[PDB]
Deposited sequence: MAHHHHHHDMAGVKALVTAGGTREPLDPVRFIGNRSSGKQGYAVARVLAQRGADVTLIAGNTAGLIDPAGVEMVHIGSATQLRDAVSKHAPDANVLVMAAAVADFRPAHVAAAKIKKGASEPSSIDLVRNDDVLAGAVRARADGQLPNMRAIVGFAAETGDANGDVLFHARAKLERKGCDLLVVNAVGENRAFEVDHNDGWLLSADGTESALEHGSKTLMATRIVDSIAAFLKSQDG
């Protein structure tokens, strides 16, 4: 029970930026990977609370207090509220970077006219505010902040050169890059610790992936 006596808060799923009651803007996270690690935590003795975004269809993990949100701002409101109680923070949510400038209260009808263009307004970075909040002494309880990253690589640089920067810019303790697995085929794995450790993530299932991460988390709490 390596995680006995730990209150752990995790975010999972992808957020939806409404355009109107029906249309919206999204990121392609199923949420399964985030659910998978919270489930392991509960297994290792951890006190888990799950903020989940649009992951319905998935079954609620046993022993985990669940809270549901929809927009990316609804996430920030949810995270801010439960955060000063948690010992560990895990942000496996694919949070939307932007949202429509205005939301109509009703459906927008399809016209025979040059389809207009959607202007955008930036959403609050939840993980960056939490590093600041702790840094400002607002988190006496927080012992661990874990991020998740997706990188493909550009001609600026590969997938790996890109997330050493993101780890340095966001300032979290561990960063999981390219870490979602496959149970079906065609469905780079990299753990970046804050020590400069670049342990690679074995290609495998969501569970072994989820196990290695909590495995990587526990060690840190012991080093602390």
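Unmodelled regions (deposited sequence positions with no C-alpha coordinates, counted from 1) are 1 to 7, 195 to 198, 236 to 237.
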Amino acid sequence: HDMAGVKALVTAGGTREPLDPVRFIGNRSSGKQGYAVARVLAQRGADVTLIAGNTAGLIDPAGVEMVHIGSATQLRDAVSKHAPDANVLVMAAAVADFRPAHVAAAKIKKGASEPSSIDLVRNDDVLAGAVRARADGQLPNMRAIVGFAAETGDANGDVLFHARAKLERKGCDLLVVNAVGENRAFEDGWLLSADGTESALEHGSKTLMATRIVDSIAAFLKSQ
From here on, numbers count along this sequence of modelled residues.
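Whichever C-alpha set is largest while still superposing within 1.5 Å between the two forms counts as the rigid core.
A fit on the rigid core, followed by a root mean square over CA positions in 7 other deposited structures of this protein, ranks 68 to 76 against 116 to 124 and picks 116 to 124 as the more shifted one. Farther on average from this form in 7 other deposited structures of this protein lies stretch 48 to 56, the comparison being between 30 to 38 and 48 to 56 by RMS Cα distance after core superposition.
When the other compared entries with both flanking residues are checked, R164 is modelled in all of them, not unmodelled in a third. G111, though modelled here, lacks coordinates in at least a third of the other entries of this protein that were compared and that model residues flanking it. The PDB entry records a higher mean C-alpha B factor for 157 to 165 than for its counterpart among 157 to 165 and 59 to 67. Two stretches are in play, 9 to 17 and 200 to 208, and the higher mean C-alpha B-factor belongs to 200 to 208. Across the options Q74, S116, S80, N141, the residue with the most elevated CA B-factor in the record is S116. Residues shown: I145, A133, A112, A96. Highest C-alpha temperature factor in the entry: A112. Compared with the other modelled residues of the chain, the Cα B-factor recorded for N178 ranks in the highest third. When the CA B factors of the chain's modelled residues are split into thirds, the value for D85 lands in the middle one.
For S29, the recorded CA temperature factor ranks within the lowest third of the chain's modelled residues. For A194, the recorded CA B-factor ranks within the highest third of the chain. Only modelled residues enter the ranking. When all modelled residues of the chain are sorted by CA temperature factor, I51 is found within the lowest third.
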